[PDB]
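Okay, so here's the structure we're looking at.
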Amino acid sequence: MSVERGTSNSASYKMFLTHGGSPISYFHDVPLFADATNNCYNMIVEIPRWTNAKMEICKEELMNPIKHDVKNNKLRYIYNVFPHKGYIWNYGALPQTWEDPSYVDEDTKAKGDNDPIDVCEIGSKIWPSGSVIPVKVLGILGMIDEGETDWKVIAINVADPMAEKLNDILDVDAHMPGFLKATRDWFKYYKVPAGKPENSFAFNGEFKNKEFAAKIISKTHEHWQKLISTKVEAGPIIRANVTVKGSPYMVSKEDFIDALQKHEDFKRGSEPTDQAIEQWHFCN
Amino acid sequence: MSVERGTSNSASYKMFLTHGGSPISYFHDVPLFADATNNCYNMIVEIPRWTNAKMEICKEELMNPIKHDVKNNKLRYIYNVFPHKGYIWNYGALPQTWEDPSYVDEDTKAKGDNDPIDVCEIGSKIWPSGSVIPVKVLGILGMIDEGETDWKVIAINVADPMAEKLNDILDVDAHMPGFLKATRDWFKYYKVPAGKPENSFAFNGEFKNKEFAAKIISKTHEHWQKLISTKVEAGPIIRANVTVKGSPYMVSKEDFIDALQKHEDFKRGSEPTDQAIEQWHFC
């Protein structure tokens, strides 16, 4: 169950994961495999489909809450690039993964983008921010964001009725015409209304199959395993506190439920927003 | 200012227009021209952009409230046909217009579709159901629905910062690449996920300019002027009841002032969400 603190539609808003009424880390404490290494990952949904507000696991605060992305100190919203409305999937990340920046991909020749690997989930259900979902991985797209390799995993909720008809990236392309091209278009153009340039892609923008996806996810899992695993090096700024439970792995960074002594501002519903949550932008 | 009655997300929900705390007809009592005849119309927004619930002016009830469209005794929702999410404009109608079914268009050769003329408003502000906004028509598209000519006027809110840059249908096209094609695509496919077929279009799907649009709009206004002004003729279950005067400053069908049983049910919020508000369809 998720839990809220601070003031909504503000920078003080925070969403924390709990188990048994005990706060755990969104980043570290949710296992990557929902169910063995047979086709089943945990996803942290950060951004509900057809919403605009940039939400993310924070990495830099205790228990790693989901919060509003902020810089130029105002809440950040993505644009609507025609014909898309905000995010065209449930967007989020895989827990216990880390695109370690000190590692360069042998294909893009670019560093890791320093976050848990991103996921676009393509099912029917619109998933609320903060949901933890069993997903099936179908493929990856490699976006090169501003000098970095920024992987985008393509997945589907396993309870979704389409999940059993889709077992690889080519199946997606057959049942959802126009969709993969829409997905690359989305990442190509999403920062152009901000004045920034189009993004480019790994493999000349080719979507790779699930077998490849799993190899990338596995490497990002190993980087996370290194970050967390008693690995006594100041990779900090990032916060590695965990209360779980593999295999903490008896983390050098594991602790009590000091987490619980999190008393912060209390949830308070707040004012609604203005920017270009409504506005259309036309970049072919 | 609009007002609500009945229970939200149910078939008893009604939204009525009022002026001076006095109810008036959405259909008849709102003047078609917001401000003289230099391209400024009143629009009744029925359906906000990026929503799914089919809302319409009811022609068959007193004061003509906006209601949920219901069919197969359930609330009706349009689908999300990829890549679109619900309606891709503020969708609605022009008041004091009527596509009289007893008139056949010389071009489509199909009957009028028996409703006020429809409008897609393309501005950036998302307008709530029930809003009355001043718009500028930029052009028109003729869909031929199930044997009928169903006109779709293209317009923009005159307060929208883009309005002074868009003066005709080709301006729209140059500032909003892909948009007109999307609009025809939307109307082509929007009932295919319901098992029904694709719709086809007048003029091989060509969007016509504003000069043509205004001629269509005015003939639908004449039809309405006919339905209303006098014509002591039965209108099929359509309720011609007016206040206003304004002008209908005496329709045979004018009265005033009702206000009286505007008294149906008190507004009451209910459970949201039923159908395929969420699901993507690939056609």
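Chain labels run A, B, ... following the order of the structure tokens; each chain numbers its residues from 1, and ligands are numbered from 1 in the order shown.
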
What are the DSSP alpha helix (DSSP H) residues of range 103-256 of chain A, as a PDB file with C-alpha atoms, in the first residue's frame?
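Output file selection04.pdb is given in full below:
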```
ATOM      1  CA  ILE A 169       8.033  -7.046 -29.799  1.00  0.00           C
ATOM      2  CA  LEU A 170       6.789  -8.086 -33.256  1.00  0.00           C
ATOM      3  CA  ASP A 171       3.464  -9.227 -31.764  1.00  0.00           C
ATOM      4  CA  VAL A 172       2.979  -5.706 -30.377  1.00  0.00           C
ATOM      5  CA  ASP A 173       3.606  -4.367 -33.864  1.00  0.00           C
ATOM      6  CA  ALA A 174       0.964  -6.756 -35.302  1.00  0.00           C
ATOM      7  CA  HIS A 175      -1.849  -6.125 -32.781  1.00  0.00           C
ATOM      8  CA  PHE A 179       2.052   2.117 -31.846  1.00  0.00           C
ATOM      9  CA  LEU A 180       5.802   1.455 -31.809  1.00  0.00           C
ATOM     10  CA  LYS A 181       6.291   4.272 -34.306  1.00  0.00           C
ATOM     11  CA  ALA A 182       4.200   6.500 -32.064  1.00  0.00           C
ATOM     12  CA  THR A 183       6.389   5.455 -29.114  1.00  0.00           C
ATOM     13  CA  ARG A 184       9.679   6.395 -30.843  1.00  0.00           C
ATOM     14  CA  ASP A 185       8.027   9.632 -32.101  1.00  0.00           C
ATOM     15  CA  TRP A 186       7.055  10.481 -28.551  1.00  0.00           C
ATOM     16  CA  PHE A 187      10.664  10.189 -27.255  1.00  0.00           C
ATOM     17  CA  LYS A 188      12.070  11.839 -30.367  1.00  0.00           C
ATOM     18  CA  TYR A 189      10.101  15.037 -29.860  1.00  0.00           C
ATOM     19  CA  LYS A 210      12.532  -9.319 -25.316  1.00  0.00           C
ATOM     20  CA  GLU A 211      15.616 -11.512 -25.103  1.00  0.00           C
ATOM     21  CA  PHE A 212      17.747  -8.400 -25.617  1.00  0.00           C
ATOM     22  CA  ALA A 213      15.597  -6.436 -23.145  1.00  0.00           C
ATOM     23  CA  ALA A 214      16.216  -8.993 -20.426  1.00  0.00           C
ATOM     24  CA  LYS A 215      19.969  -8.819 -20.999  1.00  0.00           C
ATOM     25  CA  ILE A 216      19.908  -5.037 -20.507  1.00  0.00           C
ATOM     26  CA  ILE A 217      17.606  -5.316 -17.461  1.00  0.00           C
ATOM     27  CA  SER A 218      19.938  -7.947 -16.043  1.00  0.00           C
ATOM     28  CA  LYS A 219      22.979  -5.688 -16.396  1.00  0.00           C
ATOM     29  CA  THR A 220      21.121  -2.793 -14.747  1.00  0.00           C
ATOM     30  CA  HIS A 221      20.137  -5.221 -11.980  1.00  0.00           C
ATOM     31  CA  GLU A 222      23.816  -6.104 -11.469  1.00  0.00           C
ATOM     32  CA  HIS A 223      24.727  -2.423 -11.272  1.00  0.00           C
ATOM     33  CA  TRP A 224      22.096  -2.032  -8.576  1.00  0.00           C
ATOM     34  CA  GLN A 225      23.359  -5.133  -6.873  1.00  0.00           C
ATOM     35  CA  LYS A 226      26.745  -3.450  -6.816  1.00  0.00           C
ATOM     36  CA  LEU A 227      25.378  -0.119  -5.536  1.00  0.00           C
ATOM     37  CA  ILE A 228      23.520  -1.820  -2.688  1.00  0.00           C
TER      38      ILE A 228
END
```

Exercise answer, chain A residues close to chain B, 12 Å and only C-alpha atoms, as a ChimeraX atom specification: /A:48-51,80-90,122-127,160-162,172-183,186,274-284

How many Å lie between CA of residue 67 in chain A and CA of residue 55 in chain A, rounded to one decimal? 5.5 Å

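Going from CA of residue 268 in chain A over to CA of residue 78 in chain A, you cover 24.1 Å.
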
Between CA of residue 56 in chain B and CA of residue 104 in chain B, distance in Å (one decimal):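 A separation of 23.5 Å between them.
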
Test item: residues at most 10 Å from residue 11 in chain A, only C-alpha atoms, excluding those fewer than 3 positions along its chain, as a ChimeraX atom specification: /A:6-8,14,67-70,73-75

Okay, now the selection with N, CA and C atoms, as a short mmCIF file (atom, residue, chain, number, x, y, z; two decimals), in the first residue's frame?
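Heads up, here's the output in selection_0.cif:
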```cif
data_model
loop_
_atom_site.label_atom_id
_atom_site.label_comp_id
_atom_site.auth_asym_id
_atom_site.auth_seq_id
_atom_site.Cartn_x
_atom_site.Cartn_y
_atom_site.Cartn_z
N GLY A 6 3.07 15.63 2.77
CA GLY A 6 3.27 16.92 2.13
C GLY A 6 2.03 17.39 1.39
N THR A 7 2.19 18.46 0.61
CA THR A 7 1.06 19.07 -0.07
C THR A 7 1.05 18.72 -1.57
N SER A 8 -0.07 18.18 -2.04
CA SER A 8 -0.20 17.73 -3.42
C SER A 8 -0.07 18.89 -4.40
N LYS A 14 5.08 14.00 -1.23
CA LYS A 14 5.85 12.77 -1.29
C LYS A 14 4.95 11.54 -1.19
N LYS A 67 8.06 11.68 -6.07
CA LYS A 67 7.74 13.09 -5.98
C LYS A 67 7.63 13.76 -7.35
N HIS A 68 7.19 15.01 -7.33
CA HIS A 68 7.14 15.84 -8.51
C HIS A 68 8.57 16.21 -8.91
N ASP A 69 8.88 16.06 -10.19
CA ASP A 69 10.12 16.57 -10.72
C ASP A 69 10.04 18.10 -10.70
N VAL A 70 11.13 18.73 -10.30
CA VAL A 70 11.19 20.18 -10.15
C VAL A 70 12.56 20.62 -10.67
N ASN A 73 12.83 25.72 -10.29
CA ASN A 73 11.93 25.53 -9.17
C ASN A 73 10.45 25.86 -9.45
N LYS A 74 9.87 25.09 -10.37
CA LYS A 74 8.43 24.94 -10.49
C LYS A 74 8.12 23.50 -10.93
N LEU A 75 6.88 23.05 -10.73
CA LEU A 75 6.56 21.68 -11.09
C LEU A 75 6.72 21.52 -12.59
#
```

Might you pull out every residue within 10 Å of range 259-273 of chain B, with only C-alpha atoms counted and same-chain residues fewer than 2 positions away left off, and present them as a JSON list (two decimals) with N, CA, C and O atoms, in the first residue's frame?
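And here is the file that came out, selection-v2.json:
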```json
[["chain", "number", "residue", "atom", "x", "y", "z"],
["B", 3, "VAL", "N", -26.64, 25.31, -14.66],
["B", 3, "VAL", "CA", -27.05, 24.68, -13.40],
["B", 3, "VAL", "C", -27.38, 23.21, -13.65],
["B", 3, "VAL", "O", -27.76, 22.81, -14.75],
["B", 4, "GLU", "N", -27.22, 22.40, -12.61],
["B", 4, "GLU", "CA", -27.39, 20.96, -12.75],
["B", 4, "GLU", "C", -28.52, 20.42, -11.89],
["B", 4, "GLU", "O", -28.86, 20.98, -10.85],
["B", 5, "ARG", "N", -29.08, 19.31, -12.35],
["B", 5, "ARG", "CA", -30.15, 18.63, -11.65],
["B", 5, "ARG", "C", -29.96, 17.13, -11.90],
["B", 5, "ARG", "O", -29.17, 16.73, -12.76],
["B", 6, "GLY", "N", -30.67, 16.30, -11.15],
["B", 6, "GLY", "CA", -30.53, 14.87, -11.31],
["B", 6, "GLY", "C", -29.20, 14.38, -10.77],
["B", 6, "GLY", "O", -28.49, 15.11, -10.07],
["B", 7, "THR", "N", -28.86, 13.14, -11.10],
["B", 7, "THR", "CA", -27.66, 12.52, -10.56],
["B", 7, "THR", "C", -26.56, 12.28, -11.61],
["B", 7, "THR", "O", -26.78, 11.62, -12.61],
["B", 8, "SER", "N", -25.38, 12.84, -11.36],
["B", 8, "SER", "CA", -24.25, 12.76, -12.27],
["B", 8, "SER", "C", -23.94, 11.33, -12.70],
["B", 8, "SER", "O", -24.19, 10.38, -11.97],
["B", 9, "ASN", "N", -23.39, 11.18, -13.91],
["B", 9, "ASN", "CA", -23.08, 9.87, -14.48],
["B", 9, "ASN", "C", -24.26, 8.89, -14.42],
["B", 9, "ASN", "O", -24.08, 7.68, -14.32],
["B", 10, "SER", "N", -25.46, 9.44, -14.51],
["B", 10, "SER", "CA", -26.67, 8.64, -14.67],
["B", 10, "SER", "C", -27.60, 9.31, -15.68],
["B", 10, "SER", "O", -27.32, 10.42, -16.16],
["B", 12, "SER", "N", -30.50, 10.55, -15.19],
["B", 12, "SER", "CA", -31.33, 11.62, -14.63],
["B", 12, "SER", "C", -30.60, 12.98, -14.57],
["B", 12, "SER", "O", -31.22, 14.03, -14.39],
["B", 13, "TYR", "N", -29.29, 12.95, -14.78],
["B", 13, "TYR", "CA", -28.50, 14.18, -14.94],
["B", 13, "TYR", "C", -29.01, 15.12, -16.04],
["B", 13, "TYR", "O", -29.13, 14.73, -17.20],
["B", 14, "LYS", "N", -29.27, 16.37, -15.67],
["B", 14, "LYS", "CA", -29.60, 17.42, -16.62],
["B", 14, "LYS", "C", -28.84, 18.71, -16.30],
["B", 14, "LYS", "O", -28.72, 19.10, -15.14],
["B", 15, "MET", "N", -28.34, 19.37, -17.35],
["B", 15, "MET", "CA", -27.70, 20.67, -17.20],
["B", 15, "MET", "C", -28.45, 21.71, -18.01],
["B", 15, "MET", "O", -28.61, 21.57, -19.21],
["B", 16, "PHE", "N", -28.89, 22.77, -17.33],
["B", 16, "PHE", "CA", -29.73, 23.79, -17.92],
["B", 16, "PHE", "C", -28.94, 25.08, -17.96],
["B", 16, "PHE", "O", -28.14, 25.37, -17.06],
["B", 18, "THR", "N", -28.79, 29.15, -17.61],
["B", 18, "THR", "CA", -29.59, 30.23, -17.01],
["B", 18, "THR", "C", -28.96, 31.57, -17.29],
["B", 18, "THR", "O", -27.74, 31.69, -17.45],
["B", 21, "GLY", "N", -30.32, 34.07, -13.26],
["B", 21, "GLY", "CA", -30.92, 33.09, -12.37],
["B", 21, "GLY", "C", -32.22, 32.54, -12.94],
["B", 21, "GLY", "O", -33.00, 31.90, -12.23],
["B", 22, "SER", "N", -32.45, 32.81, -14.22],
["B", 22, "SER", "CA", -33.65, 32.36, -14.92],
["B", 22, "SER", "C", -33.29, 31.38, -16.03],
["B", 22, "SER", "O", -32.51, 31.72, -16.94],
["B", 23, "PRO", "N", -33.85, 30.17, -15.98],
["B", 23, "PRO", "CA", -33.53, 29.16, -16.98],
["B", 23, "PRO", "C", -33.96, 29.60, -18.38],
["B", 23, "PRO", "O", -34.96, 30.29, -18.50],
["B", 24, "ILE", "N", -33.17, 29.24, -19.39],
["B", 24, "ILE", "CA", -33.49, 29.46, -20.81],
["B", 24, "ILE", "C", -33.09, 28.22, -21.58],
["B", 24, "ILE", "O", -32.35, 27.36, -21.08],
["B", 53, "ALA", "N", -17.56, 10.80, -22.66],
["B", 53, "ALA", "CA", -19.01, 10.67, -22.46],
["B", 53, "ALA", "C", -19.85, 11.49, -23.44],
["B", 53, "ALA", "O", -19.73, 12.71, -23.51],
["B", 62, "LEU", "N", -38.23, 19.99, -22.15],
["B", 62, "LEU", "CA", -38.41, 21.40, -21.87],
["B", 62, "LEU", "C", -37.11, 22.06, -21.41],
["B", 62, "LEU", "O", -36.44, 21.55, -20.49],
["B", 63, "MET", "N", -36.79, 23.18, -22.05],
["B", 63, "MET", "CA", -35.56, 23.97, -21.83],
["B", 63, "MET", "C", -34.34, 23.33, -22.47],
["B", 63, "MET", "O", -33.27, 23.95, -22.53],
["B", 75, "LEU", "N", -25.40, 4.44, -20.29],
["B", 75, "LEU", "CA", -24.72, 5.66, -20.70],
["B", 75, "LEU", "C", -23.75, 5.32, -21.83],
["B", 75, "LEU", "O", -23.19, 4.24, -21.85],
["B", 77, "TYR", "N", -20.42, 6.00, -24.32],
["B", 77, "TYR", "CA", -19.09, 6.56, -24.33],
["B", 77, "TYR", "C", -18.47, 6.32, -25.68],
["B", 77, "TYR", "O", -18.57, 5.22, -26.23],
["B", 256, "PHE", "N", -43.01, 32.42, -21.04],
["B", 256, "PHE", "CA", -42.15, 33.15, -20.11],
["B", 256, "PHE", "C", -42.92, 33.60, -18.87],
["B", 256, "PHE", "O", -44.06, 34.03, -18.96],
["B", 257, "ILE", "N", -42.29, 33.43, -17.72],
["B", 257, "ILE", "CA", -41.11, 32.59, -17.62],
["B", 257, "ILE", "C", -41.46, 31.38, -16.80],
["B", 257, "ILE", "O", -41.87, 31.48, -15.63],
["B", 275, "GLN", "N", -17.61, 2.43, -19.08],
["B", 275, "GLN", "CA", -17.21, 1.68, -20.27],
["B", 275, "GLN", "C", -15.72, 1.83, -20.67],
["B", 275, "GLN", "O", -14.85, 1.82, -19.79],
["B", 276, "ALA", "N", -15.46, 1.95, -21.98],
["B", 276, "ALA", "CA", -14.12, 2.03, -22.56],
["B", 276, "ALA", "C", -13.65, 3.49, -22.66],
["B", 276, "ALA", "O", -13.31, 4.03, -23.72],
["B", 277, "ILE", "N", -13.65, 4.11, -21.49],
["B", 277, "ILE", "CA", -12.98, 5.36, -21.25],
["B", 277, "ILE", "C", -11.45, 5.16, -21.37],
["B", 277, "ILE", "O", -10.72, 6.07, -21.77],
["B", 278, "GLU", "N", -10.99, 3.95, -21.06],
["B", 278, "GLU", "CA", -9.55, 3.67, -20.94],
["B", 278, "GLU", "C", -8.93, 2.95, -22.14],
["B", 278, "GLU", "O", -7.75, 3.14, -22.44]]
```

With a distance cut-off of 8 Å and only C-alpha atoms, select the neighbouring residues of range 221-230 of chain B, excluding the residue or stretch itself and same-chain residues fewer than 2 positions from it, and output the selection as a ChimeraX atom specification. /B:32,96-100,217-219,232,235,240,248,250-253

Quick one: of A:204, A:241, A:12, A:38, who's nearest to residue 258 in chain A, counting only C-alpha atoms?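 Ranked by minimum distance to residue 258 in chain A, first place goes to A:241.
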
Using DSSP assignments from the backbone, pull out every residue in range 73-159 of chain A that falls under strand (DSSP E or B) and give it to me as a PyMOL selection string. chain A and resi 75+77+80-81+90-93+104+111-112+118-121+132-145+148-157

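Distances here use only C-alpha atoms; by that measure, the residue among B:146, B:244, B:255, B:136 closest to residue 19 in chain B is B:244.
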
Using only C-alpha atoms, pick whichever of B:238, B:45, B:57, B:155 has the shortest atom-to-atom distance to residue 131 in chain B. B:45

Exercise: residue 105 in chain A partners within 10 Å, only C-alpha atoms, chain neighbours under 4 positions left out, as a VMD selection string: chain A and resid 99 101 109 to 112 148 to 149 216
